[PDB]
Amino acid sequence: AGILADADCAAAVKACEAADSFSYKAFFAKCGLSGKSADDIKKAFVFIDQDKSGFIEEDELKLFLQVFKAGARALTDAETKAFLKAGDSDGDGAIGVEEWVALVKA
Ligand SMILES: [Ca+2]
Ligand SMILES: [Ca+2]
């Protein structure tokens, strides 16, 4: 946990410390992931894909904050729901590497 921690993304985590305060656009504006290399954006995807399915499922989405900081809170079910819906364009209920790359963007 906190394997992808840096000042910015730590600050994004801190900004949604309270339950139901998170929105992925605001997070990523603070956590400059989009600004990274396409390789470095995929690496974050595989970090989050904790079961190695090749896809990020809602259960891993839940744990998104912990990837950027240790002891972070899990996303609430409603948060996880809203973030999945935003990222899952093909509607299989999962986020693929292409859907990831889209989602990260400003
Ligand atoms: Ca997965
Ligand atoms: Ca999908």
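When a ligand or atom number is given, it counts from 1 through the structure's own listing order. We're numbering straight along the sequence, starting at 1.
The Ca ion (ligand 1) sits nearest to atom OD1 when only the N, O or S atoms of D51 are considered. Within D92, the N, O or S atom at minimum distance from the Ca ion (ligand 2) carries the name OD1.
Relative orientation of the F83 and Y24 rings is parallel, given thresholds of 30° and 60° on the angle between their planes.
Atoms OE1 of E57 and OE1 of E60, as seen from the Ca ion (ligand 1), are separated by an angle of 80°, to the nearest 10°. Put simply, the angle at the Ca ion (ligand 2) from OD1 in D88 to OE1 in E99 is close to 110°, to the nearest 10°. Centred on the Ca ion (ligand 2), the angle running from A94 (O) to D90 (OD1) is recorded as 160°, rounding to 10°. Rounded to 10°, the angle formed at the Ca ion (ligand 1) by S53 OG and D49 OD1 is 90°.
Enclosure of atom NZ in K25 by more than 12 non-hydrogen atoms of other residues, nucleotides or ligands within 6.0 angstrom is indicated. Heavy atoms of other residues, nucleotides or ligands lying less than 6.0 angstrom from CZ of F28 number more than 12.
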Under the side-chain hydrogen bond (donor to acceptor under 3.5 Å, both in side chains) criterion, do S53 and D51 qualify, and how do the steps go? CA-CA 6 Å; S53 59; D51 78 334; 3.2 Å; yes
Show your reasoning for whether side-chain hydrogen bond (donor to acceptor under 3.5 Å, both in side chains) applies to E58 and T80. CA-CA 7 Å; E58 353 187 351; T80 304; over 6 Å; no
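Screening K85, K62, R73 for a salt bridge (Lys or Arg N to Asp or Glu O under 4.0 Å) with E79, the sole residue that qualifies is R73.
Counting backbone and side-chain atoms alike, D59 contributes no N/O/S atom closer than 3.0 Å to the Ca ion (ligand 1). Among the atoms of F55, an N, O or S atom falls under 3.0 Å of the Ca ion (ligand 1).
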